[PDB]
């Protein structure tokens, strides 16, 4: 009979790191949450992935519907008039996948529409109706995702878009630190919940969609998307709650920005910009636009990283560096 050892086995309580995820809608917060699960937890099991099949189908249907309606508003004709019929069927069958089953009929409708020349002409003008950035991801792999045996891959789950109406808390561990991450997905909640969420914050991660720079101003806006993000970052960085908080800036969607800057001038977003329409200089300009909004004491600087939130290796690298920063400032 060997007496059992200690229950702590020589370990002790893990130090807590409270992270606040902030940023405009579609900036990459949910993707960062999922990447934290993939990198520092166990990823997504097969059952969890199965639970996202309905979301994948809904995202795909909603994306193609957005494109068709945008054709309506922009006066873009179908490449072939028969597609009109398909369009009608799309709206008739749009609720048929809510049980995680995409019939061959709906799959064929979506395939024919996505292949049409007018639909593609409208897609190339996505900046004019702010089409979500995962539409083509699913619509170009329709064949794979439309199989009766389809199970969403990890990358598939990463690209899904789900409602984030409140403040959601997730946990992980890394370098013996216990991370409590709070995604502020919504614009409203109870005052006491705001207080509980902003209390004792170790660090903020603020996500910015770079590729938002060329989005057309919609009727529900008073300024363009990038400037809404800048205003939010201003209100956060200079609030009493965060006078001494470590502020990290994820200038995200750098891949889409790299592709867009080739053909869309940054002056669409910043009319005063006189620099070149090239990746590095335009990226530096946006970075300075955001960093100049920090009016805290000089010791309180902003830690900026360029990210592709959907790229697991890049997020792993960037978060490895952010953890070192947090340990330093600890």
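Residue numbers count along the first chain shown, from 1.
Higher average CA B factor: 78-86, of the stretches 78-86 and 130-138. Stretches 281-289 and 47-55 differ in mean CA B factor, with 47-55 having the higher one. Ranking 211, 202, 229, 189 by the C-alpha B-factor listed in the PDB entry places 189 at the top. As recorded in the PDB entry, 242 shows the highest C-alpha B-factor of the residues 91, 179, 242, 250.
Ranked by Cα temperature factor within the chain, residue 272 sits in the middle third according to the deposited record. When the modelled residues of the chain are ordered by C-alpha B-factor, residue 299 sits in the highest third. Per the PDB record, residue ranking by Cα B-factor puts residue 40 in the middle third of the chain. Placement of the Cα temperature factor of residue 233 within the chain: lowest third of the modelled residues, per the deposited record. In the deposited entry, the Cα temperature factor of residue 225 places it in the lowest third of its chain's modelled residues.
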